[PDB]
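Structural features, examined
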Amino acid sequence: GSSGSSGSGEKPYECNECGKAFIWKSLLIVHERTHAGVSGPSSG
Ligand SMILES: [Zn+2]
């Protein structure tokens, strides 16, 4: 059972890459980009 009862998600927009949230569309656009080869292979 998940007795959490918490977690935001009342935004009309929500990134698809990560799943972030933004009350405005633009905010989501200028964000989605962040998922464009911003960093290299930080694992292995
Ligand atoms: Zn994102």
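Reading guide: rules and limits
- Residues numbered from 1 in each chain as written, not as in the entry; some residues may be left out.
- Heavy atoms only, no water.
- Helix = DSSP H or I, 4+ residues; strand = E, 2+ residues; numbered from the N terminus.
- Areas by Shrake-Rupley, 256 points an atom, 1.4 Å probe, with all protein chains shown as cover.
- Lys, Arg positive; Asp, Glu negative; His and termini not counted.
- Charge placed at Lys NZ, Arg CZ, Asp CG, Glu CD.
- Patch = residues over 30% accessible without salt bridge, like charges linked within 9 Å, V, L, I, M, F, W, Y side chains within 5 Å.
- Salt bridge = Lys/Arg side-chain N within 4 Å of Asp/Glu carboxyl O.
- Donors = N, O, S within 2.8 Å, 3.2 Å for Na, K, Ca; no water.
- Tetrahedral: all angles 85-135°; square planar, octahedral: opposite > 155°, others 65-115°.
- Buried < 20%, exposed > 50% of the residue type's maximum accessible area, 1.4 Å probe, protein only.

Structure determination for the deposited model, as stated in its record, used solution NMR.

Here we come to the overall build of the protein chain. Across its full length, the protein chain carries one helix and two strands. Along its sequence from the N terminus, the protein chain presents helices and strands in the succession β-β-α. Along the three orthogonal principal directions, the C-alpha set of the protein chain runs to about 40 × 30 × 10 Å. With an accessible surface of roughly 3,900 Å², the protein chain has 50% of that area assigned to carbon and sulfur atoms. Distance from the positive charge centre (4 side chains) to the negative charge centre (4 side chains) of the protein chain: 6 Å.

Our focus in this paragraph is a nonpolar patch on the surface. On the surface, a cluster of nonpolar side chains totalling about 370 Å² of accessible area is made up of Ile 23, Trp 24 and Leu 27. In this structure, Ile 23 sits in the loop between β2 (21–22) and α1 (25–32).

Another aspect to go through is the coordination of the zinc ion. Those donors, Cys 15 (SG), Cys 18 (SG), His 31 (NE2) and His 35 (NE2), are the protein atoms that reach the zinc ion, and they lie 2.1 to 2.3 Å from it. Taken together, the four donor atoms surrounding the zinc ion define angles of 100 to 114° at the centre, an arrangement classified as tetrahedral. Sequence spacing among the residues donating to the zinc ion works out to C-x2-C-x12-H-x3-H. Classification of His 35 by relative accessible area gives partly exposed; the value is 36%.

So, on to unusual backbone geometry. Positive phi is not limited to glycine here, since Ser 5 has a value of about 70°. In this structure, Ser 5 sits in the segment before β1 (13–14). Assessed through its relative accessible area of 79%, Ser 5 is described here as exposed.

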